[PDB]
Amino acid sequence: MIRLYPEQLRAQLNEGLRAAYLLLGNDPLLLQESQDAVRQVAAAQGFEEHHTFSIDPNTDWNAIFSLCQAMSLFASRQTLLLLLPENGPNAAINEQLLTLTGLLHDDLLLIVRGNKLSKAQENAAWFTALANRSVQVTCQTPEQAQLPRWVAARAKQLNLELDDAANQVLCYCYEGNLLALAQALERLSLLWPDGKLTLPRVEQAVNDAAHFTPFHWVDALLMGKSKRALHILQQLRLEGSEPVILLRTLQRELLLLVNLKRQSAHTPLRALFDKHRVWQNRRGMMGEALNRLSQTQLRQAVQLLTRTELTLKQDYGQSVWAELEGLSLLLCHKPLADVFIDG
Amino acid sequence: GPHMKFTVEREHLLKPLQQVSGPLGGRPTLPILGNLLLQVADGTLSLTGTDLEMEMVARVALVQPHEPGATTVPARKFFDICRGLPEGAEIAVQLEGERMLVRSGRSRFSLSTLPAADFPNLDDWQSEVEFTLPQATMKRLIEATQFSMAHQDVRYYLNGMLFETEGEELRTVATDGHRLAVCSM
Amino acid sequence: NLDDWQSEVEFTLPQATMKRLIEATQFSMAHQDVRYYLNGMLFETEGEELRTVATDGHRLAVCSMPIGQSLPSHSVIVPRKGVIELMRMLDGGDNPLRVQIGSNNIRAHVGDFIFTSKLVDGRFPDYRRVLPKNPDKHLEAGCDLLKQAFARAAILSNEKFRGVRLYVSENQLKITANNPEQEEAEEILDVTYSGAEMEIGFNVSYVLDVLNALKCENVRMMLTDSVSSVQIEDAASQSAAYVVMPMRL
Amino acid sequence: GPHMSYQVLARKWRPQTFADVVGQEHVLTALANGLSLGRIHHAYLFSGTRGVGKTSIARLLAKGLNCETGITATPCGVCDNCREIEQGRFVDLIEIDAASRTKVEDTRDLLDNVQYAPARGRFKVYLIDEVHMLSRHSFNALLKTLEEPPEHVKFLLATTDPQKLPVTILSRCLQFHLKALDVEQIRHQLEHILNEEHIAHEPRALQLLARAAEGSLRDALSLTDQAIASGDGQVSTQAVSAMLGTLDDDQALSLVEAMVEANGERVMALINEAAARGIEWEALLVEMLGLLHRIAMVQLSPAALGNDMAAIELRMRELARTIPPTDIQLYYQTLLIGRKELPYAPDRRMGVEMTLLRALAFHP
Amino acid sequence: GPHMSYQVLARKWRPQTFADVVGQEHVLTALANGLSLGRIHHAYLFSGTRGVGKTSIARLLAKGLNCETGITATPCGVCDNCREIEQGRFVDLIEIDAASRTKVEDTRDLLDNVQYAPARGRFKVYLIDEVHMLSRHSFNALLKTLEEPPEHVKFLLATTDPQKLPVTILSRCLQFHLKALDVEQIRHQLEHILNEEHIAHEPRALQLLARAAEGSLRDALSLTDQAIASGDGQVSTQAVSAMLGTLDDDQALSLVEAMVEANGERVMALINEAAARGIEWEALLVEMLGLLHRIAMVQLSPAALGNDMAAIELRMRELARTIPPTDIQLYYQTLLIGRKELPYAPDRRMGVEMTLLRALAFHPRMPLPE
RNA sequence: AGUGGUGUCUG
DNA sequence: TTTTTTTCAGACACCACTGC
Ligand SMILES: Nc1ncnc2c1ncn2[C@@H]1O[C@H](COP(=O)(O)OP(=O)(O)O)[C@@H](O)[C@H]1O
Ligand SMILES: Nc1ncnc2c1ncn2[C@@H]1O[C@H](COP(=O)(O)OP(=O)(O)O)[C@@H](O)[C@H]1O
Ligand code: BEF
Ligand code: BEF
Ligand SMILES: [Mg+2]
Ligand SMILES: [Mg+2]
Ligand SMILES: [Zn+2]
Ligand SMILES: [Zn+2]
């Protein structure tokens, strides 16, 4: 199939419409805008009737097959849509997706929306049979190092003037929150029809919504950015994240750091990285962290992490978020006191 | 006075209440839309049941002394009382304060009511088609198309049935996106 | 399979007889009560009579029917599930019913098939003491006449605890109900009676079930005072008695 | 004020025009611009904090939508339809307590009311308060209606915890986030309310009430009515302060402040207060431990203060900047030891008192 | 002795007017002022510890609202409405055991019937007791009717922990916090009750009962009933001291002194004497620990001592002035560790004995000879 | 109403 | 490239499908 970013989708849609469109990724906003563009282009070429379905173990597949095979009294040119579940094309769903891949026709246009597909796990069969004459659209959230240029492009295409300061403020409050970021730009356009956004204008009309995953917290710890890591920790506290997930995500990299710092006396860090199968972008930040106050924080932090783990897993009142703040501050070149470490 | 003096037999009241109950009985959007509206006017009882979209009214003749009052009373309780009382029992309901007294030969009930001023009424509207029709023709017109109607379709207009008045004929149309049923008489 | 070679009691009983016997007592059982001995029906055998007793500590129901065959006095508690499913399978009154009760399990041969159940270990209470021993007030009424009045009163009854106050005066009965909404229902009925004015507040569902169990035309109620129980039965027989212990509200 | 003062300040004082709303200027300005320019989204989700006006803003927006003068940011005065929203009932404006009617059936009835024409107003406006409580199926039905809503239907959703709303609902709703009111805004609105109620008020009592409100204007209004109750139709500073102290539960922070300052009489007075309130003592020790731990983390890095403690920011700063880490370490160790030995004490009260006595006796 | 006087002080002495309350004055004053001025808020919450008059004051308010006369802060007794409320089973005072109506369907059933007019009184006063038991959905369901209910419906909430309520509701309803009761109020209430019950009582008995009530008057009334049952319908120092299982402060202070003044033989003698009286050994350790903490508190400030133990006040002062705080801390820690290790001691008697012996051996100013 | 499932939150 | 969570016990809340 044609693998495509949202940038050229319009162009591809102007070239022609394929049998099936697969909108995949973890970003609600990018998927939604891609689906809207696809539906508008389809309606331009006569696809008037729409449908929606949620791919679920309790869905009625017979209705989908009936509407795909049969035609309607009006608006014969029809389109169909399916929301894939959180996990993806379950093993009980691949066969019926294959049937749909057989039950299609040039009259119908299929839209597939859901999270990213683990291609290493799921491939061929359904995937290749669509790949015959289909389009894959990858709509994933831009990361922190990439978000500012995305926001600049969005401001340019919405006819706004964003300076670097407003851009970084917007990139600060809204991460993993591209939907609310676009809504914030829309609200700022509504607030001032001038279209010129400065620092105070965006600063006043913005909330610290954000959305982080424990990987962001662990990366912030490895870079040793105190404010960034603490902001991430507060955000996962407010979001309601399970602290034990944070514990495991930090523990994996912390034990890797302990192993690397212990073995670095006999082997350069490059061969250790190769031994443990760690990737290059990970390699850079882990090399930055390994020579940043090591051999003391790597056992003191393991001690504090064990304290948090046992306290979390014995009682039911939790109250481990402050201890996680202690960890966030220990691994960022801000030494703590033995009083809180030992307990 | 407050007593909406009311007196009727059961034989002439069971069927009208059964018709007026309609959609009442379940949880209503507003707490008053579970109470039948009872009105007395010009020697006639009006029973009213409203769903904020449907309005069923029944008229019962009064051949006994009466008083022009109106109030809303829980539908299920009033109906259960009405059918519970014996055959040929002359129901006599009056009112006082916020409670109405139901009475039959050697039996009394007291029911809590709400004012008639609060009960919704569908606003009067001007009519363009005044149409009169025999019963069986309407029966066949509905029955010949009711099957083809939509089943909770996302398209609102697919749900329901189309009535067309053209010249000397009336037409019922039904569609679900794949079927069409037309009956013109 | 059948290791219960010896049985405590044996019955060759008509299906309709036990159908009435259970139907006249089933509604008074206890469902998942903490008193495990009350979560069942007591079959009691004495002389030629078999009795079903069911109580939950708020109402007692006893029903006795002759068999003709002399049997030793015995008591057994059949749990709720066993008796309910035996009642369900008890159809086709043409075929007789065989009953085989041992010390630990019960068997019922219905038609051609066999039913098996276990017993409740506890010992059922004595129902003779629950029955009032000095009924000084006796009143009579019509079963359907009384029942319809109770139903009309129950229409405007407290939905949580369906309770009515019954007043008895000379040849007159009064049933008054109210709900948390103060909606008052009052029914007055003509009875035959001789005694003193007395008020007693008791549940409505229990009395209505008692009246429905007695598919008769004349009903006799026996009362002692405002605090003790009421023994309801029919005036055409003494084979079925019911004890409704009132509320103190 | 009203015909006998039973009418609550919270409900009697509710905005009827956009100008009467206290400074939630963001949403008001954006909505006014959208209404005046004609740019209308299908749904307008409102959110923020309790008692900051989201239901008030939604009601005023419904009034502006269905007013017969047209889509205006300023609903007029008489405009019988535009009046029916406040006094009486409006036919086309459906107000649903989505907390009372979470079921998919209760919302099914109204979503089937969607396709019927509005009676009087232009738009079949829906005001669904506490929208986060609709079940999964109610949310599915609401989303299905939000995919293709007719031009005569708008949805107004208000909630306090939007995180429970599905992303599918949030993508179709232009969420307007309301920020917790400042102490100045709350104090000014309370001042205006009391001045128009002909209620004698002292200036300091208003600031005390605003600080005690925790950013919610309705909290300030309820505390104000209660303060008038504690007295005879006058909001006196002494009465308000006594009432606030009676309602006060911030015992651990005051205990740490007085123990670090080495103020034995104040510490014992605060322990007496915590005893009279029937406050758990182990909970008191845990709160003090958490406060000391947070003070230390702030001393390490100013970013350790999240948005969960915006009420007690300044004091924390004051304690973190002025107290050396050695003293905080010693006090944390002392309180940890005391909480360890709390069960084996004459009673919890004496155990807590003795732990605080040790911490004072350290004098480091 | 007497007749079937089963009616216990706990319930028979439930206050019936605002003049019969033992001094929740921050609550009573506000209720009286609001009811006089008419600022009757549609919903508010009495929150406090156990047995301090939340339910009782709620009932008194219902009486004040529903009296036949004009709305008054002082309910009457000749009025039929207040008589029904006091006797219970009132038409309009709908007590809601919230721990039995936690579900949201129960709350919805409650809210459907809200708009119905009150039957006989002027308010349909919903009295939701133990509100903290309502589920989250029940609370959110109550939210809208708590904002503005019908003009006749008042919500009276009562709970022990107001922090388990969602803070939206804490905004909707007024908050009155009923604090625990000082020893003097509890003892005066017990005095008054036993005067009205024709039961002879002694001073020290009532002082000990009020001390052991722990600031709540319902515990005091249950303890008083238990003491009356322990005696022959008479309250005396012996009966209350045997019931509470404590010691007179003189014996405990004598043992503490024998520990401090290194009189180990006196320690042994008083231990044997306490063994004779059949008093729990852990009780002995707890009483010595309490006395040591009181000495430490006196060392902090003279105002530490309460009047209840005034009999030993002088000695307290002396032992506070003789012993510097470090020795008091050492003794308290030694006895605390002894009590903590008492369950694992071979015998409780010899556990306390070895705790005392350790406190005597580690004595800084007079250690046991080596 | 009985039964079974999903899911979320409290210790 | 992906990489993310202990537990036993209990309390609600909503939504089939049944059964009248
Ligand atoms: N912006 C505001 N302006 C004026 N009053 C407000 C404002 N926000 C809250 N209030 C007060 O709080 C009361 C309840 O407000 P409401 O808007 O229902 O809060 P919520 O956002 O939690 O639904 C209102 O009656 C009003 O007195
Ligand atoms: N303020 C008080 N004045 C007099 N007696 C009280 C007071 N508070 C509690 N009591 C005693 O406690 C008993 C029960 O009190 P109650 O009001 O139920 O406390 P609660 O707030 O826990 O429900 C009363 O019968 C009374 O004897
Ligand atoms: F009405 Be709010 F959300 F407290
Ligand atoms: F209502 Be109390 F806590 F006994
Ligand atoms: Mg609200
Ligand atoms: Mg109470
Ligand atoms: Zn207007
Ligand atoms: Zn009175």
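When we count neighbours, we look across all protein chains shown, and the Cβ atoms used for this are built from the backbone with ideal geometry, even at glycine. Numbers and lists here come from the model and the stated rules, or from a named source; no laboratory read-out is quoted.
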(Q) Would you confirm whether or not segment D:29-40 contains a residue that is under 22 Å from residue D:220 (Cα atoms) and more than 15 Å from ligand 7 (Cβ to nearest atom)? (A) no
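This table checks each residue for (1) more than 10 Å from every other protein chain (Cβ to nearest Cβ); (2) outside any loop (DSSP other than H, G, I, E, B).
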residue	(1), (2)
E:92	no, no
E:102	yes, no
E:106	yes, yes
E:112	no, yes
E:117	no, no
E:122	yes, no
Q) Does residue B:150 fit the bill of being more than 30 Å from residue B:1 (Cβ to Cβ) and small (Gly, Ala, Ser)? A) yes
Q.
Here are the criteria: (1) under 18 Å from residue D:160 (Cα atoms); (2) touching a residue at least 24 places away in the same chain (Cβ under 8 Å); (3) of a type outside the set (A, V, I, L, M, F, W, C); (4) away from ligand 4 (no atom under 16 Å from the Cβ). Tell me which single one residue E:171 does not satisfy.
A. (2)
**Q.** Residue selected from segment E:146-186 under the condition under 19 Å from residue D:223 (Cα atoms) and either within 16 Å of ligand 8 (Cβ to nearest atom) or of a type in the set (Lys, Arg) (or both), by the criterion surrounded by the most Cβ atoms within 10 Å (Cβ to Cβ)
**A.** E:172
Q) When the residues of segment D:124-139 are filtered to those that are surrounded by 17 or more Cβ atoms within 10 Å (Cβ to Cβ) and in a helix (DSSP H, G or I), which remaining residue is farthest from ligand 2 (Cβ to nearest atom)? A) D:139
Q) Does segment D:97-117 contain at least one residue that is over 27 Å from residue E:109 (Cα atoms), crowded, with 19+ Cβ neighbours inside 10 Å and not β-branched (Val, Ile, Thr)? A) no
Q. Has segment D:301-322 got at least one residue that is assigned by CATH to the domain that holds residue D:258, over 19 Å from residue A:323 (Cα atoms) and outside any helix (DSSP H, G or I)?
A. no
Q.
Can you name every one of the strands (runs of 3 or more DSSP E) wholly within segment C:116-225 that holds 1 or more residues which are over 30 Å from residue C:19 (Cα atoms), more than 14 Å from chain E (Cβ to nearest Cβ) and without any contact (Cβ under 8 Å) to a residue 60 or more places away in the chain?
A. C:163-169, C:172-178, C:184-189, C:198-203
Q. Before we move on, is residue E:100 away from ligand 5 (no atom under 16 Å from the Cβ), among the small types (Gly, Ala, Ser) and farther than 30 Å from residue E:221 by Cα?
A. no
Q. What pairs can you find where one residue is in segment E:45-56 and within 12 Å of chain D (Cβ to nearest Cβ) and more than 8 Å from ligand 6 (Cβ to nearest atom), the other is in a strand (DSSP E or B) and among the small types (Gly, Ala, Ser), and their Cβ atoms are less than 9 Å apart, with a gap of 6+ or different chains?
A. E:45/E:158; E:47/E:158; E:48/E:158
Q. From the list A:73, A:31, A:98, A:67, which residue is without any contact (Cβ under 8 Å) to a residue 24 or more places away in the chain, outside the structural domain of residue A:180 (by CATH) and part of a helix (DSSP H, G or I)?
A. A:67
Q) Across segment D:43-78, what is the total count of residues that are within 14 Å of residue D:122 (Cα to Cα) and either in a helix (DSSP H, G or I) or away from ligand 7 (no atom under 16 Å from the Cβ) (or both)? A) 6
Q: Sort out which residues of segment C:87-130 are in contact with a strand residue (DSSP E or B) (Cβ under 6 Å, 6 or more places away or on another chain) and of a type in the set (S, T, N, Q), and write them in order of number.
A: C:100, C:105, C:116, C:117
Q: Kindly indicate whether any position in segment B:33-42 is outside any loop (DSSP other than H, G, I, E, B), of a type in the set (S, T, N, Q) and more than 10 Å from every other protein chain (Cβ to nearest Cβ).
A: yes
Q. Pick from segment D:57-86 the residues that are more than 14 Å from chain E (Cβ to nearest Cβ) and within 25 Å of the chain's Cα centre (by Cα): which of them is nearest to ligand 8 (Cβ to nearest atom)?
A. D:85
**Q.** Residue that is surrounded by the fewest Cβ atoms within 10 Å (Cβ to Cβ), among those in segment A:182-229 that are away from chain D (no Cβ under 14 Å) and among the β-branched types (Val, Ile, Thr)
**A.** A:198
**Q.** Search result, residues across segment A:145-170 that are in contact with a strand residue (DSSP E or B) (Cβ under 9 Å, 6 or more places away or on another chain) and outside any helix (DSSP H, G or I)
**A.** A:160, A:161, A:162, A:163
Q | Positions within segment D:306-329 being within 10 Å of another protein chain (Cβ to nearest Cβ) and surrounded by 17 or more Cβ atoms within 10 Å (Cβ to Cβ), in sequence order | A | D:306, D:328, D:329
**Q.** Residue pairs meeting the criteria (Cβ under 8 Å; at least 6 apart or on separate chains; first among the β-branched types (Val, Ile, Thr), in segment A:250-272; second surrounded by 14 or more Cβ atoms within 10 Å (Cβ to Cβ))
**A.** A:258/A:298; A:258/A:302
Q. Any idea which residue in segment E:4-32 is nearest to DNA strand G (Cβ to nearest atom), counting only those that are more than 18 Å from residue D:247 (Cα to Cα) and free of Cβ contacts under 8 Å to residues at least 12 places away in the same chain?
A. E:11
Q: Look through segment B:14-32, keep the residues that are surrounded by fewer than 19 Cβ atoms within 10 Å (Cβ to Cβ) and hydrophobic (A, V, I, L, M, F, W, C), and return whichever of them is farthest from the other protein chains (Cβ to nearest Cβ).
A: B:14
Q.
Looking at C:164, C:99, C:207, can you tell me which residue is farther than 26 Å from residue C:33 by Cα and either of a type in the set (D, E, K, R) or surrounded by 14 or more Cβ atoms within 10 Å (Cβ to Cβ) (or both)?
A. C:99
**Q.** Residues (of a type in the set (A, V, I, L, M, F, W, C), facing chain D (nearest Cβ under 8 Å) and under 26 Å from residue D:243 (Cα atoms)) located in segment E:133-175
**A.** E:143, E:167, E:170, E:173, E:174
Q: Using the structure shown, decide if residue D:156 is within 22 Å of residue D:22 (Cα to Cα), of a type in the set (A, V, I, L, M) and in a strand (DSSP E or B).
A: yes
**Q.** Which numbered condition residue D:120 misses (of (1) within 16 Å of ligand 7 (Cβ to nearest atom); (2) buried (at least 22 other Cβ atoms within 10 Å of the Cβ))
**A.** (2)
